[PDB]
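Take a look at the structure below.
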Amino acid sequence: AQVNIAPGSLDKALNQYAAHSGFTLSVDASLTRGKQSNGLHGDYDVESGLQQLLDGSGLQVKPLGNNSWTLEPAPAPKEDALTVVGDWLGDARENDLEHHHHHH
């Protein structure tokens with residue numbers, strides 16, 4: 001199922017995919033409020049697409065009752081540091097300025 005969601009908000013990206021799937025999800029938004037998540041792009045089911053959204057930290061998803069799933073902290077290897085981002089093209093222009101000294 002082709003699902004394209006724009007990032008810039010974890011809470012949003014959640015409702016976006018959650019609405020496309022049709023299931024319930026219970027996750028501690030306490031920590032969520034303040035961070036963002038990677039949107040989706042391509043044919044991905046409820047689970048496939050869901051894992052693609054939070055994809056980046058690696059967590060576990062398990063159901064609770066009917067069709068309600070939750071996200072919990074799972075074990076991971078010794079985290080590392082990714083390369084440092086470079087810069088953009090920056091094709092702007094600059095204007096000259098005038099300044100003269102004065103006496104008493």
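Ligands are numbered from 1 in the order shown, residues from 1 within each chain, and chains are lettered A, B, ... in the order they appear in the structure tokens.
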
- Message: According to DSSP computed on the backbone, where in chain A is there strand (DSSP E)? Give the residues as a ChimeraX atom specification.
- Response: /A:2-4,24-25,41-43,59-63,68-73

Selection export as a compact mmCIF listing (two decimals), in the first residue's frame, atoms kept: C-alpha atoms:
# COMPACT_ATOMS: atom_id res chain seq x y z
CA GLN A 2 1.69 3.17 -1.27
CA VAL A 3 2.03 5.54 1.68
CA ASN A 4 3.70 8.95 1.47
CA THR A 24 -4.82 1.64 17.30
CA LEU A 25 -1.42 2.46 18.81
CA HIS A 41 7.51 6.74 1.05
CA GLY A 42 6.48 3.65 -0.90
CA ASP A 43 4.25 0.58 -0.68
CA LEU A 59 12.32 -0.54 18.84
CA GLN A 60 9.96 -3.47 19.41
CA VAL A 61 6.24 -3.50 18.63
CA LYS A 62 3.82 -5.85 20.39
CA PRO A 63 0.00 -5.98 20.48
CA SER A 68 -3.73 -2.21 19.54
CA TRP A 69 0.06 -2.13 19.30
CA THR A 70 2.66 -0.38 21.46
CA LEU A 71 6.29 0.70 21.08
CA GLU A 72 8.81 -0.19 23.79
CA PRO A 73 12.58 0.29 24.21

- Enumerate the residues of chain A with a DSSP assignment of helix (DSSP H, G or I), computed from the backbone, and present them as a PyMOL selection string. chain A and resi 10-21+29-32+46-53

- Task: Take CA of residue 33 in chain A and CA of residue 19 in chain A and report the distance between them in Å, one decimal.
- Result: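 Pair CA of residue 33 in chain A / CA of residue 19 in chain A returns 19.4 Å.
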
- Message: What's the separation between CA of residue 10 in chain A and CA of residue 55 in chain A, in Å to one decimal place?
- Response: 11.5 Å

- Message: One number please: CA of residue 58 in chain A to CA of residue 84 in chain A, in Å, one decimal.
- Response: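 We find that CA of residue 58 in chain A and CA of residue 84 in chain A lie 21.6 Å from each other.
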